[PDB]
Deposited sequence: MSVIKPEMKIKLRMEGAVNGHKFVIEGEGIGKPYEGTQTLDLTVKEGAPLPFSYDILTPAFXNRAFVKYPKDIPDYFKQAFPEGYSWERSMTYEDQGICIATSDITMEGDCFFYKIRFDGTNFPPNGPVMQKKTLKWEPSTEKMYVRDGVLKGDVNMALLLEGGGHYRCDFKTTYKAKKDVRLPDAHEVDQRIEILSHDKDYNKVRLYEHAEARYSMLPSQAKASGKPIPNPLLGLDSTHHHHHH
């Protein structure tokens, strides 16, 4: 079902501190390699007045290099697909919630993403566009009350700079019942490869690999 080379088509509808926006994307990834690249275009919301970095993790855990001995909840979820619900709490009270419904047709993945952010201080590094990139991270994957959950302590590097923290909490729900995996970790690095002046056009990349804890 999951082809070694999978295309990506997405649509994100959002609002951050009241600013409404629509972003559309087209890309390709090698799901077994855990690599993917997206070309993102700002369709609505003129020049985005907030850091584009807060959006990047919202733009698919099917794109992870999974060891065989660890059940792959995300790749088994297809063709029907899966959904995810994420909470993103920033250290200065900025709060984001994003939802994504992921479907599949042929060699292509389709995402309907909803992104909502509020309480970002006007002088904070998000509204001030003072963020550089996300630091490489580790998502702790585990089953709590019969659902697959993912936690990640994220850190945005700043101009100067030091770090600006965010806590992610995600719920992964496959549409049809599949094998829930034992506790594992997913290491990732998300990067903006290129962009134009106002981030109207962005080229995004991600490399992700699953593994067990050496404990």
Practice task
Counting from 1 along the deposited sequence, give me every gap where there's no C-alpha, start to finish.
Solution key: 1-2, 62, 219-245
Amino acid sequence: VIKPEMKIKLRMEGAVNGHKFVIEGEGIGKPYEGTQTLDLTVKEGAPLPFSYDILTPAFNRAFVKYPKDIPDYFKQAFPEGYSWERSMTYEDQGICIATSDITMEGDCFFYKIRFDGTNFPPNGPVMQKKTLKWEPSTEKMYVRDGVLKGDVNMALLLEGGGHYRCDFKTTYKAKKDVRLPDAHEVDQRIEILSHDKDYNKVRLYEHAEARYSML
From here on, numbers count along this sequence of modelled residues.
Handout entry: Between 107-115 and 88-96 (mean CA B-factor, as deposited), the higher
Key = 107-115
Problem - Selected stretch [higher average CA B-factor]: 175-183 or 144-152 - result: 175-183
Handout entry: Criterion, highest CA B-factor; candidates, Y164, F50, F59, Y32
Key = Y32
Problem - Third of chain Cα B-factors occupied by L38 - result: middle
Completion exercise
By the entry's values, the third containing the CA B factor of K129 is the middle
Handout entry: Chain third (lowest, middle, highest) by recorded CA B-factor, residue given as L215
Key = highest
Problem - Third of the chain, ranked by Cα B-factor, where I28 sits - result: highest
Exercise for the section: Classify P122 as lowest, middle or highest third according to the C-alpha B-factor given in the PDB entry, relative to its own chain. Expected result: middle
